[PDB]
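This report refers to the structure that appears directly beneath it.
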Amino acid sequence: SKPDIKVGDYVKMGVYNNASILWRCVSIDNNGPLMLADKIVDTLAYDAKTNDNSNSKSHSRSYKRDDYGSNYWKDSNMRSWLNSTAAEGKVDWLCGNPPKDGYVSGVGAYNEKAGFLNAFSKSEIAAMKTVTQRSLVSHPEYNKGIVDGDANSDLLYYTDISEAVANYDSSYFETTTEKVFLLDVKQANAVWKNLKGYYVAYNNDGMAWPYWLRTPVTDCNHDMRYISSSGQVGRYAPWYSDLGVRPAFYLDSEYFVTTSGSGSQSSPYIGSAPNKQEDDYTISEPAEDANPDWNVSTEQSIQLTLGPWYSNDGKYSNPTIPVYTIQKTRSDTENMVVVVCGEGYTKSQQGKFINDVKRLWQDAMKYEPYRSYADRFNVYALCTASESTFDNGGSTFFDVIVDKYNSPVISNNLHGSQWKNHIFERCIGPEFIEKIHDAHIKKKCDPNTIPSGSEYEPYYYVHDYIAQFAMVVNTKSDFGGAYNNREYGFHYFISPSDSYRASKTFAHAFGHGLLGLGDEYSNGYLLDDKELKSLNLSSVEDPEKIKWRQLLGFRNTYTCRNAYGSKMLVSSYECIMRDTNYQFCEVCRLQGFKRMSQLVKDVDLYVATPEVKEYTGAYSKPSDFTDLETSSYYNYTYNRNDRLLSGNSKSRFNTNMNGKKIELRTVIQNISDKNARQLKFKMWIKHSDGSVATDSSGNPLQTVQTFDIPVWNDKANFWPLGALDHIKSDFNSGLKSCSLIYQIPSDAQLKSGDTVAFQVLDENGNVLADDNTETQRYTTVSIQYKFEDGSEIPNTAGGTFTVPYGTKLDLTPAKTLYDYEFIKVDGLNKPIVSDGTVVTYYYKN
Ligand SMILES: [Zn+2]
Ligand SMILES: [Zn+2]
Ligand SMILES: [Zn+2]
């Protein structure tokens, strides 16, 4: 038969200690029916003290785990034993500290013990569903960024089972997938609710026994929550062998078939799932080779001579770094060159690096202000082999450590290399510019020698020719680092490859490095000179004096404090700089666009997406913008949406809007210091048919207003090429907030489906923006680099960037790709209309 598993069902699956284990389905939940050992299978210790390795995995993150053991579940001796089929003496102990004698209290010694699953048959293991569950993480874990999700709180400690679950879902967590697991607090309380006093365990004698739970004490580094004989959830040090094991699995109901039994306590459902197909169960990671080979091509490479100051141990004394062109739309001189490098990527895992870079890069290019410049970035991935992965703790190429604050820092001290943080500017950068870059600037100085006048001066050229240095770490850890002191040569960011926020963190850190933007969450008064120094942060309360006064009232720009009472002020509560979920704010888009325009010579104007809003007069004057609370910001956003007649709200227009003023508004920045720009704005009510709407007397309902945008004199002072810092500049230079207000006539003829239509025209009549722009379709373009015969050029991994629909890409193709010479381009100067359009640059050899 195929059973139906109810709460209280008893199954007899597997054998431990030569007795089949009676499991009971305590709860039914989303993953499946939950089977819990009826009696504590054995009396063992969650995790022994640190014996073998203290520099890798859980025992590394706190040194008190030498004394007591580790409350990390993924590494635990319990997870390793419960989920092992291994023969005796061969259980992989994931943390690397086995449950050896003298590290588990008392007799202990469950190293040399066969895995729990070893005596089981393969079919019985198949019947346990491989489930991905949240496991709360302790402070050593959540300060080294070992967290799969957003949630910020420590679990509150309540001993009663009723109150034990408090804060669980809001608590720090990471997701672990396994067949056999010890119950967490939520699941123990579920067992309680469904099955009364069954949450108190009983051993073979029948005396009540404490049993371990996988929930750690989030405030503590070693302690583990456990269920005692009385029934109190409590904390025990994990090294002790007094406490019991009550393993639980999730039945895979569909394949499961019970050959015998009714599921009663006396007569359990005896069953397994034969036809279910699985690779042999191994929670253990596959073992890669000691000496890898490159997954990727080495045909195009840069070779670095790193002396003692850069590699004191000597493992990177002459690295060969393969180079991959993810994007080379134009020449390096004309474009912004981004160099991404790899941390904790072994030779065999370099393909992953390339794909990761592509992933992250493309996701970053979905964000504006980058999207406007997507085709202007030259993107290069440098394959920097690491002897070990980041999580293995072996020597990594860049020596990245994570400090106590979750900050990822290249450590000069770790291998005793004083100048490791200077590797990008002094070692990697000069070689890239000499070899890969079209400028081919020969290296004037020896990084290994000592410069004569300023130890930081000669390397200043690197940052001109390379816009950004990025480091991607082969980690699911969540951390971000931005290092932006050009005087001392530091222009680089460190970000993770597979964190839940990997692409968001990448975009954020890129915003520091290239755009120059600061963290909007940071708390602290900005004094006068520092206040001039910050592009996106101000401590000026008065709306009339604030830097972004012109942009106030545009889209979601209301000036608000980042945190309560704080003297630090931001243009929008929702920006990527404060919260990585949210997109870049208008001040950031403007300032980053201006910075990138300094880097590339084509752009002449910035037109923010115009918005048509009804003109109540709310938020129309500087006084209205005085309140600086976050609540007031959200009230402004509500009023804006209730007024908005543009974009997605283009259909909010109605027959009643006669006698009502409507306001078209944009912010326009003139990127040209030399010549001022006259831009015409046209706003007419549009019938669904498409003809301009009329009043009763037939006069068209349309408004025209010509705004002249001034020159950008302070251009030289705002992030010029060749600039160490933004010491002072004027926000308002070259910036005009253009507002056209139209009184819809009181006698106007309005029908259903009429919508406001606006063209922002230049002098020649080219339409810079229109009512379709905000909603306009973005179509993916893939750039490919091929030989004449159609064979793929090696060391090129073309990315995908989004261009607006109907965009005709007109970018002079780069004369040379590596030593290859450009013969033709396919797909340029043609409307891009399909997602997945491919532009193929053909080079010859
Ligand atoms: Zn351990
Ligand atoms: Zn930041
Ligand atoms: Zn912002």
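Numbers and lists here come from the model and the stated rules, or from a named source; no laboratory instrument gave them. All Cβ positions, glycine included, derive from the backbone under ideal geometry; neighbour counts span all protein chains shown.
Considering (1) among the hydrophobic types (A, V, I, L, M, F, W, C); (2) closer than 20 Å to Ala381 by Cα; (3) in a loop (DSSP other than H, G, I, E, B), the lone condition that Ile450 does not fulfil carries the number (2).
Kindly indicate the residue of region 690-713 that is out of contact with any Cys (no Cβ under 9 Å at 6 or more places or on another chain) and farther than 27 Å from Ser746 by Cβ and also surrounded by the most Cβ atoms within 10 Å (Cβ to Cβ) among those meeting that condition. Checking each candidate, the answer is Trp712. Taking the listed residues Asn167, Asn152, the one that is out of contact with any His (no Cβ under 6 Å at 6 or more places or on another chain) and on the phi > 0 side of the Ramachandran plot is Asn167, with no other qualifying. Here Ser407, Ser348 are screened, and the one residue that is over 21 Å from the mean Cα position of the chain (by Cα) and either in the same structural domain as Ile321 (by TED's automatic domain parsing) or touching a residue at least 24 places away in the same chain (Cβ under 8 Å) (or both) is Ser348. The condition of being in contact with a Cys (Cβ under 9 Å, 6 or more places away or on another chain), within 16 Å of ligand 2 (Cβ to nearest atom), closer than 21 Å to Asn523 by Cβ and not polar (S, T, N, Q) does not hold for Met568. Can you find a residue that is touching a residue at least 24 places away in the same chain (Cβ under 8 Å), over 30 Å from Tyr456 (Cα atoms) and surrounded by fewer than 24 Cβ atoms within 10 Å (Cβ to Cβ) anywhere in region 375-385? Scanning region 375-385, I find at least one residue that is touching a residue at least 24 places away in the same chain (Cβ under 8 Å), over 30 Å from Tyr456 (Cα atoms) and surrounded by fewer than 24 Cβ atoms within 10 Å (Cβ to Cβ), so the answer is yes. Of the residues that sit in region 590-612 and are surrounded by 24 or more Cβ atoms within 10 Å (Cβ to Cβ) and within 19 Å of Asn648 (Cβ to Cβ), which one is nearest to ligand 3 (Cβ to nearest atom)? Among residues in region 590-612 that are surrounded by 24 or more Cβ atoms within 10 Å (Cβ to Cβ) and within 19 Å of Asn648 (Cβ to Cβ), the one nearest to ligand 3 (Cβ to nearest atom) is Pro610. Per this entry, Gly690 is counted among residues that are assigned to a loop (DSSP other than H, G, I, E, B), assigned by TED's automatic domain parsing to the domain that holds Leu552 and free of Cβ contacts under 8 Å to residues at least 40 places away in the same chain. Does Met78 meet the test of being closer than 30 Å to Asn275 by Cβ and either of a type in the set (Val, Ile, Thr) or in contact with a strand residue (DSSP E or B) (Cβ under 9 Å, 6 or more places away or on another chain) (or both)? For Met78, the condition - closer than 30 Å to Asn275 by Cβ and either of a type in the set (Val, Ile, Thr) or in contact with a strand residue (DSSP E or B) (Cβ under 9 Å, 6 or more places away or on another chain) (or both) - is not met.
Is it the case, given these coordinates, that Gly314 is part of a strand (DSSP E or B), within 25 Å of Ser56 (Cα to Cα), among the small types (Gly, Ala, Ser) and not assigned by TED's automatic domain parsing to the domain that holds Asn53? So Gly314 fails the test. Could you go through region 590-611 and let me know if any residue there is among the polar types (S, T, N, Q), more than 16 Å from ligand 1 (Cβ to nearest atom), out of contact with any strand residue (DSSP E or B) (no Cβ under 8 Å at 6 or more places or on another chain) and in the same structural domain as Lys728 (by TED's automatic domain parsing). Yes, some residue in region 590-611 is among the polar types (S, T, N, Q), more than 16 Å from ligand 1 (Cβ to nearest atom), out of contact with any strand residue (DSSP E or B) (no Cβ under 8 Å at 6 or more places or on another chain) and in the same structural domain as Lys728 (by TED's automatic domain parsing).
Only one entry in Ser632, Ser623, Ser646, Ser566 is crowded, with 20+ Cβ neighbours inside 10 Å and either small (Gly, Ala, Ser) or within 26 Å of the chain's Cα centre (by Cα) (or both), namely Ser646. For region 476-509, residues that are away from ligand 3 (no atom under 16 Å from the Cβ) and among the aliphatic types (A, V, I, L, M) total 2. One residue stands out among those in region 790-816 that are of a type in the set (A, V, I, L, M, F, W, C) and over 15 Å from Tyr843 (Cα atoms): the one that is surrounded by the most Cβ atoms within 10 Å (Cβ to Cβ), which is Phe801.
From the residues in region 82-126 that are surrounded by fewer than 18 Cβ atoms within 10 Å (Cβ to Cβ) and basic (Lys, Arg), which one is nearest to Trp23 (Cα to Cα)? The selected residue is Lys122. The number of residues in region 90-141 being charged (D, E, K, R) and either in contact with a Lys or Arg (Cβ under 8 Å, 6 or more places away or on another chain) or within 16 Å of ligand 3 (Cβ to nearest atom) (or both) comes to 2.
Within this structure, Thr616 passes the test of being surrounded by fewer than 16 Cβ atoms within 10 Å (Cβ to Cβ) and assigned by TED's automatic domain parsing to the domain that holds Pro720.
Scanning region 771-789 for residues that are more than 31 Å from the chain's Cα centre (by Cα), surrounded by 15 or more Cβ atoms within 10 Å (Cβ to Cβ) and in a loop (DSSP other than H, G, I, E, B) turns up at least one hit.
Conditions tested, residue by residue: (1) touching a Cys at 6+ places or on another chain (Cβ under 9 Å); (2) of a type in the set (D, E, K, R); (3) closer than 22 Å to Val26 by Cβ; (4) not assigned by TED's automatic domain parsing to the domain that holds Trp73.
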{"position": "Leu213", "(1), (2), (3), (4)": "no, no, yes, no"}
{"position": "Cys220", "(1), (2), (3), (4)": "no, no, no, no"}
{"position": "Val233", "(1), (2), (3), (4)": "no, no, yes, no"}
{"position": "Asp242", "(1), (2), (3), (4)": "no, yes, no, no"}
{"position": "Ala248", "(1), (2), (3), (4)": "no, no, yes, no"}
{"position": "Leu251", "(1), (2), (3), (4)": "yes, no, yes, no"}
{"position": "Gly263", "(1), (2), (3), (4)": "yes, no, yes, no"}
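The residues listed here are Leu817, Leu809; of these, the one that is of a type in the set (A, V, I, L, M), within 20 Å of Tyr373 (Cβ to Cβ) and in contact (Cβ under 8 Å) with a residue 60 or more places away in the chain is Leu809. Checking each residue in region 612-623 for being free of Cβ contacts under 8 Å to residues at least 60 places away in the same chain and outside any loop (DSSP other than H, G, I, E, B) picks out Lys613, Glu614. Filtered by the rule that a residue be more than 8 Å from ligand 1 (Cβ to nearest atom) and without any contact (Cβ under 8 Å) to a residue 24 or more places away in the chain, region 55-101 gives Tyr63, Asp66, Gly89, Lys90, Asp101. The set of residues from region 283-299 being farther than 14 Å from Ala385 by Cβ and without any contact (Cβ under 8 Å) to a residue 24 or more places away in the chain comprises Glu285, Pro286, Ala287.
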